[PDB]
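S.K.: 3D model of this:
(4 chains)
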Amino acid sequence: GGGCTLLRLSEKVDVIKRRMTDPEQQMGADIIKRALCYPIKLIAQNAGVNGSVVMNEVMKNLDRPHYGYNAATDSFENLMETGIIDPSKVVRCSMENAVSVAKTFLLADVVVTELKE
Amino acid sequence: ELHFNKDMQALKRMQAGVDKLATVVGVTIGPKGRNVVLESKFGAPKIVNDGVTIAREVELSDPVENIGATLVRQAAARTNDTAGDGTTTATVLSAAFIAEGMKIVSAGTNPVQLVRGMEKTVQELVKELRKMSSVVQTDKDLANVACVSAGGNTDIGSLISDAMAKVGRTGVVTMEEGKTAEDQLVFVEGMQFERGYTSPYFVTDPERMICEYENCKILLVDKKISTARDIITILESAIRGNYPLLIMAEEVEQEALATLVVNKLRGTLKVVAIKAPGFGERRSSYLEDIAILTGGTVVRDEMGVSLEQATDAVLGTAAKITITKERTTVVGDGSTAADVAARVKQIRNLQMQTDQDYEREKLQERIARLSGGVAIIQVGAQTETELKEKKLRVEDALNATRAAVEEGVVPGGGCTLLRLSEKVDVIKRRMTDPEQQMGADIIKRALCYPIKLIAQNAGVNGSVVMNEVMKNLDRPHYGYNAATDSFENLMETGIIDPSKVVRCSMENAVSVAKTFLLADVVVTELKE
Amino acid sequence: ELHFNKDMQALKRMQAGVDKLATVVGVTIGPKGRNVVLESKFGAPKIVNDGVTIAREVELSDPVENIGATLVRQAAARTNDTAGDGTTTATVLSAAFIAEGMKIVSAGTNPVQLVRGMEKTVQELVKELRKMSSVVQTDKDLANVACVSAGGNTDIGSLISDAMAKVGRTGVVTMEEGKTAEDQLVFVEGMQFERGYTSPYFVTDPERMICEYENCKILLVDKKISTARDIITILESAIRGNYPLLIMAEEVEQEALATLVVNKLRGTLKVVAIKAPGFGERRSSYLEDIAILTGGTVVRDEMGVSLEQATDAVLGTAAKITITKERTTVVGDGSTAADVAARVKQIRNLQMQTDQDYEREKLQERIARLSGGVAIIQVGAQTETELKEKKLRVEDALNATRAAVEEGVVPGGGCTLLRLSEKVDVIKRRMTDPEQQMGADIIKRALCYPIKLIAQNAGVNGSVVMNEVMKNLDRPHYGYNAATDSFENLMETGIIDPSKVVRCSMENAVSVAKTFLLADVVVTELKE
Amino acid sequence: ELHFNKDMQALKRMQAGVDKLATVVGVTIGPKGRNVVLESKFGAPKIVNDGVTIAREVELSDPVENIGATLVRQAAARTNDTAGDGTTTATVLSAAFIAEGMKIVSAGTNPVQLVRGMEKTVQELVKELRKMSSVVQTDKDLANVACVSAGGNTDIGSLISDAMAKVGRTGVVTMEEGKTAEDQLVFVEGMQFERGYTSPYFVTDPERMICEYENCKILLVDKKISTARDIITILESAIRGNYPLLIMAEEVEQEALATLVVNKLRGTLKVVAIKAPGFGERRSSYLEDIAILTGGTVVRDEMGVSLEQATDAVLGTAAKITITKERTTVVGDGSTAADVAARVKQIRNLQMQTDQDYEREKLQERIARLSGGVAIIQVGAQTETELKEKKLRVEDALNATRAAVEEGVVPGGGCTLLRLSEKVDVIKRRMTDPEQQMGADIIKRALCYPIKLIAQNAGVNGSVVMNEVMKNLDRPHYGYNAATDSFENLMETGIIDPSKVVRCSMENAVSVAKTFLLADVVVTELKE
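M.R.: Numbers count the residues shown, from 1 in each chain, chains lettered A, B, ... in the order given. Sharing the structure here:
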């Protein structure tokens, strides 16, 4: 948990070369990358600490040994053994739905609305 | 249909509303307080000297600064209905923590570590406040405490003293006027509980907003009530004998509650609504404990009789009943006194065979209030405006004495807030981050505000008064009486505050200041 | 006709203007600095990468925030003409102290103890800066410093190295272009002083604003000058031979000064103004030290000849003279070199018979500059634009090398500000009042700003950069070069700053922040 | 008195102004270009089909978008005076780099790496353009290139062909009309230099802004001139004989220059001021190289005769002199032709004994221009409007032929931009950061703009045009002539552009786009 799983997910779109590798789809991949960076940034920031340095410490270190950052205690700790864990169902559903509404958002080009008079 | 308020200025907005509330209640505080004029609903205006009445009526225009002042009103009201006093102190301290809070926060300081510092500081200052407290253990010192806390002369405070000297602990003393000019002490079979009414619309006589009824029958069950036709038949029994009815069966749903308040608003049916004591098997063991005490059987389905009709056998009787916000009291009824003398025997038998721990203290708290009973006191009568003036004085006397004997006693005049303030300087916290230290200094400078406002609005500089007491030794009960304007010891003189008031107002003020500075976004429904 | 600006908000007004000045100069700083487009006075615009030019042109509409920005410009300009560089660093530091300062003052903190904490912190940080400094004592390490400090390749920086390896101390190296593509070193009879021009209107060629004249006569008297009729006869002596004239006789009053600038503006008379070196008997002993050095006599009334007609040998000759803001230099004249070799003998004579102390060092500072002379260097020429680009590169090279060897050298990139910032945490001051501690933390967070603005406007987060540098050992010259974006030691790589610049910009920034936060009331003339 | 513009929107303001300039110059481009109506200073309007006249006159109200458009005007003007043509191409490309640049920058992309990508991509494309270029080495193919580049028929372009076939390299061919209808080729003793006149106020006949004089004497010294009394005596020597005078002594200061332009504005004295060729000892070796050539001695103070008076012996003669922005040409004078034939012998002698390297090429560049001389051509005359129409057609012909033979030739129509644009897709840079790749793609989409605007304003979709040219093989000189609206090889048809124009307009466009996107803050002096 701690939204750190979104960083580990974001740092695996750099290895995704798609078909037919048109620059636009690559932009969308970079879009997902920078968008997954936001949640942990908001968590660390609104807690009271710079999120840029936290993101740097976790990412530069090995991403596999469950390295993470607990904002509740503010210290370098493994999220598993400490007790900060998130259900994968929540992460998956919130991620798919966010893209689903972003789909029907950016695709939009004309909006109508019934007015008062 | 929702308005948005964000950033740094949104906080300042409701802070101003808070500061405006603490401004009018601020000039209320002090022995030489000022008069606040209120525009009447219809007719001649009402002059106010109380901080409670002011906090009740204040509500501004701008919604953000309106919910800000109301957010402090919560702490003020909550402090009042849990300590009996200290609304003025709660508000001014609340705004003090907020003002000094916003002052430091504006320097880009982390709110989380600040509020953590405040929480721990006041918490240790509460632990320190218990050390500061002066305990009463003798009925004669209790007499001196009572008579002094009572307005003016002793005598009447000397009457309350022996009134509670009879019934040792667990209360509960109730007062009433009439009928002939003497001091009539009366002890009868009465009981109380720490539950409250269902709706604040049952208040018999404002502004006391306390529901009192004389010569009324009682009725109670354990299960939830929603059906009405059963009570309608009992309503016919309440019309059969034009008398009010008592009901306290845990949760009454919106249907029966609406029928109750409608039949009460017209005056056709005098009804009372309230909750059940305890939980689980305790409920069915508490209502049956008060059933026979009131001279009535139990209408539970466990045996079980529960139908449309209801006679005198299923409902007990109570001469007088007085219920308030968090308390419900019964007294006066001349029913089976042996029941009160036999149920206590059953508790002793159960406690003798009890191996558990929770059952020991539950039987201990039940044997307490049972044995304590109710004691009701009758006041004298000189003129028609005399006991009315007395009854109010003895009302404020009893509540003050109870609040004092409950948690202990501390030197009043707001000086106890100074002594508590000059002990945060030695507090080295963990992990001693600068932010938490700021919060400690915030508590320090905030505790300074009440005494300053007291002296200032009295007519003298508070800076010199604070300097005279602080530089002098804080231990020999040194203080400053604003009533006489002289250096005196607050204990021997007669200026004392109940420690319950100081603690509650302090904790609540930090409580609202916690959820005030922690806020960052405020929403509000708008007109259009 | 006078406007009154008071309270707390009047401070924030000029703070905004200060912050606006630091905003534009802020994006100027750093190796990956940004361009700032200036509107032309008439025609094609002018893009600027320097922080000096920007600070010259900035002046806001609102008077209060204009004089506030102008107040910072004072420290910026003063740093520029006392160190040679660091306008960008002085400004951002000045605003840093002001921003962080007012951030704390807003909490009602005592300004007096705050600025006291600032002054002492930076002063001990200057004493610490001298420890941080690296000293050059060998001409070969001086060669490596000079070449690296020079732009790009060495060769020319390797030429200035031996140029100052010849003239050991006291300077002073002066440069000039022409005529054939080689490296021509020339040592001749030249001298300089630490005085300046009378008026900034004498500047020959802006934006260098340095008055340079070739093949001109020089005139010196010790007393003050106010009369004109004597000068207009020398003007006739300056018209007889169409040549410029040099004058530095202490104080020239408004009358003669106005006549001088008027006759110079029309181009009829090429005149130069300036001031006198030393004081009292020193003046009459310094002007006669340069009179014969320029091949002229003294027109003092002590002997004394002083009439209307002045001739050829009452005024010395100087082949080339270059003067600036706080310096005045002469060079080139092929006069009595024996004088330069005989006056030094007279100084040694006075030195050995001297029993005093001040006379010993006055003779020592005079024998220094006299023996030092003025070595003029001639650069080569590939094309016509290459010689100009070189001349500018060697101009910035010489001024950088001089500013480096003068006060010592410190690691550049603004990283030395962090190493200094992480030494205030150990500073336990007297009497350690919290306010002075706030001032220390203010300096800390303020010294953090420059490196942040450099990294940020370069294109990378400054927080991570600060962390990586600070968490690592601060002693093995660890640093971060924004030009390459990589972990590197600032020394071996070639990113160095002169310690004189850091110190001057630091002290001045605190100096203006001193007179900024101490302010409480501001006045200003209005239009109507 | 200074305004402040910052953030992202400040960039878009001047970007709009740039977009407005490229809008009017945009409809100018193309064979089927449109007419731009200009309001006259006084009287009948002036229609313009040239992009040069438009770029001169355009200047908007809003200062920021004015200095933005002017910033592009600097690129267009600089391209014009360094290539001879391509103002329209420079502007549309400049705005292309800006538009496509800001289009990517708005995504928060690093400006530093972007412009770095732009610089390197276009620089390698310059190295690529030199590959795309076609070379001319035969006078007969030169004849075909010249006649085609010339408007319409050949004959006259076939005359310029043999005109330059005579004088091989180093130029320089000058033209003139009159007097009898034939083809008169004339070679005489003439010379030129790559220097320019002092002030643009000396222009004889606009809009050609080129100062031309007939039958005038010359005068040159090496030292700087500031005095005037010597000049006013030569003025008297220029008044006794009503003839203009030539002066080129390096730097003429503000005094003499002001006197010169004043005496010229009244028509009493026909003067001009020009700079010195070479540098140092070269100057004194170049002015005496043109002194005797013009039949005059040297007035240098190196020995050295220089006083008040001046006669015919100190000043040479010149039949005709034509000077422009960056060139100064003399021709026609019938002086010592033996001088031009003897100084070349002296150069060969010095060349034989020269051991250096720079002296060899300096003697080589002097022996070149000396041997090349200055061939002047005379055109025929049918009517009076035909000779002027010819003279204009041969003026643009000569300038086009020189620009084509100088840097080589490339297929015109802006199609060479596509061939250059479809070569950035193979450019893998270092360290191949995405930003530099964006800058490469920016260059690609920007090079697509000119050909698109050409086809569009002509009257055909540019999308299908780009498709046909690009999808086909880019090597067999495939192109699209908008004049005939048809598939055609740009070489064999007659639509060719000089490589110098394409290269210079491309480099300057990136240069101003460099100092455009790098900008982040813009300042501007306001009215009040």
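S.K.: contacts, neighbours, all on C-alpha from now
M.R.: Noted.
S.K.: any idea how far the closest residue to residue A:10 other than its chain neighbours lies from residue A:16?
M.R.: Counting by C-alpha to C-alpha, 6 or more residues apart in numbering or on different chains, residue A:33 is the residue found nearest to residue A:10 once chain neighbours are left out, at 4.9 Å. When C-alpha to C-alpha, to the nearest Å is applied, the distance between residue A:33 and residue A:16 equals 11 Å.
S.K.: the two: which is more packed in?
M.R.: Regarding residue A:33 and residue A:16, a neighbour count based on other C-alpha atoms under 10 Å in any protein chain shown identifies residue A:33 as having more, with 19 against 10.
S.K.: for the more buried one, give me its contacts.
M.R.: For residue A:33, the set of contacting residues under the criterion of C-alpha atoms under 8 Å, 6 or more residues apart in numbering or on different chains consists of A:10, A:11, A:13.
S.K.: and these as a markdown table, adding neighbour count and secondary structure?
M.R.: Shown next, in a markdown table, are the contacts of residue A:33 (neighbours: other C-alpha atoms under 10 Å in any protein chain shown; DSSP: H, G, I helix; E, B strand; the rest coil):
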| residue | neighbour count | secondary structure |
| --- | --- | --- |
| A:10 | 19 | helix |
| A:11 | 14 | coil |
| A:13 | 14 | coil |
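S.K.: check contacts around the residue sitting nearest the centre point of chain A.
M.R.: Here the mean C-alpha position of chain A is nearest to the C-alpha of residue A:36 (C-alpha atoms, centre = their mean), at a distance of 2.0 Å. Contacts of residue A:36 were listed using C-alpha under 8 Å, 6+ apart, and they are A:6, A:7, A:9, A:10.
S.K.: quick check, nearest of those to residue A:115?
M.R.: Closest approach between the contacts of residue A:36 and residue A:115, by C-alpha to C-alpha: residue A:6, at 41.0 Å.
S.K.: how near is residue A:10 to residue A:88?
M.R.: Separation of residue A:10 from residue A:88 (C-alpha to C-alpha) stands at 16 Å.
S.K.: any buried residues in the helix or strand hosting the residue nearest to residue A:10, and which?
M.R.: Mapping residue A:33 onto the secondary structure by DSSP states H and E places it in helix A:23-47. Of the residues in helix A:23-47, A:26, A:29, A:33, A:36, A:37, A:39, A:40, A:41, A:43, A:44, A:47 count as buried by neighbour count, 16 or more other C-alpha atoms under 10 Å in any protein chain shown.
S.K.: from those residues, which is closest to residue A:111?
M.R.: The shortest gap between residue A:111 and any of the buried residues of helix A:23-47 belongs to residue A:29, at 26.8 Å (C-alpha to C-alpha).
S.K.: how close does the closest one get to residue A:38?
M.R.: 15 Å.
S.K.: with residue A:58 instead?
M.R.: In this structure, residue A:58 and residue A:38 are separated by 15 Å, where distance is defined by C-alpha to C-alpha.
S.K.: ditto for residue A:80
M.R.: For residue A:80, the distance to residue A:38 equals 22 Å [C-alpha to C-alpha].
S.K.: where does residue A:69 land in three-state SS?
M.R.: strand (DSSP: H, G, I helix; E, B strand; the rest coil).
S.K.: ok, the residue lying closest to it once chain neighbours are set aside - contacts?
M.R.: Beyond its immediate neighbours in the sequence, the residue positioned closest to residue A:69 (C-alpha to C-alpha, 6+ apart) is residue A:76, lying 5.4 Å away. Contacts of residue A:76 were listed using C-alpha under 8 Å, 6+ apart, and they are A:67, A:68, A:69, A:70.
S.K.: count the neighbours of the second one for me.
M.R.: Here the neighbour count serves as a burial measure; for residue A:68 (other C-alpha under 10 Å) it reads 26.
S.K.: show me what contacts it?
M.R.: The contact partners of residue A:68, taken as C-alpha under 8 Å, 6+ apart, are A:2, A:4, A:58, A:76, A:77, A:78, A:79.
S.K.: highest neighbour count among these?
M.R.: Looking at those with neighbours defined as other C-alpha under 10 Å, the largest count falls to residue A:4 at 25 neighbours.
S.K.: touching, that residue and residue A:40? I think so.
M.R.: Yes. When contacts are counted by C-alpha atoms under 8 Å, residue A:4 is listed as touching residue A:40 (6.7 Å).
S.K.: just to revisit the earlier point, from the contacts of residue A:33, which is closest to residue A:95?
M.R.: Out of the contacts of residue A:33, the member with the shortest distance to residue A:95 (by C-alpha to C-alpha) is residue A:10, at 11.9 Å.
S.K.: so how far is residue D:148 from that closest one?
M.R.: Plainly put, residue A:10 is 61 Å away from residue D:148 if you go by C-alpha to C-alpha.
S.K.: so residue A:14, which of the three states?
M.R.: Three-state secondary structure (criterion: three-state DSSP) places residue A:14 in coil.
S.K.: now swap in residue A:21 and tell me
M.R.: Relying on three-state DSSP, one would call residue A:21 coil.
S.K.: now it: how far from chain D?
M.R.: Taking C-alpha to the nearest C-alpha, to the nearest Å as the measure, residue A:21 and chain D are separated by 14 Å.
S.K.: so who does residue A:43 touch?
M.R.: Contacts for residue A:43 (C-alpha under 8 Å, 6+ apart) come out as A:51, A:71.
S.K.: and chain A, which residues reach chain C?
M.R.: With C-alpha under 8 Å from any C-alpha of the partner chain as the criterion, chain A meets chain C at residues A:50, A:52, A:53, A:56.
S.K.: what subset of those is also close to chain D?
M.R.: Near chain D, by the rule C-alpha under 8 Å from any C-alpha, you find none of these.
S.K.: neighbour-wise, which of the residues you listed leads?
M.R.: Using other C-alpha under 10 Å as the neighbour definition, the residues of chain A next to chain C reach their maximum at residue A:53, which records 20 neighbours.
S.K.: tell me the SS of that one?
M.R.: The assignment at residue A:53 comes out as helix when based on three-state DSSP.
S.K.: and residue A:56, by the same measure?
M.R.: helix.
S.K.: which residues does it contact?
M.R.: By C-alpha under 8 Å, 6+ apart, the residues touching residue A:56 are residue C:464.
S.K.: same check, this time on residue A:25
M.R.: For residue A:25, counting by C-alpha under 8 Å, 6+ apart, the contacting residues are residue A:18.
S.K.: then residue A:63?
M.R.: Taking C-alpha under 8 Å, 6+ apart as the contact definition, residue A:63 lies against residue A:8.
S.K.: whichever residue of chain A sits closest to chain B - how many residues pack around it?
M.R.: When C-alpha to the nearest C-alpha is the measure, chain A has its nearest residue to chain B at residue A:48, with 5.8 Å between them. Residues within reach of residue A:48, counting by other C-alpha under 10 Å, total 16.
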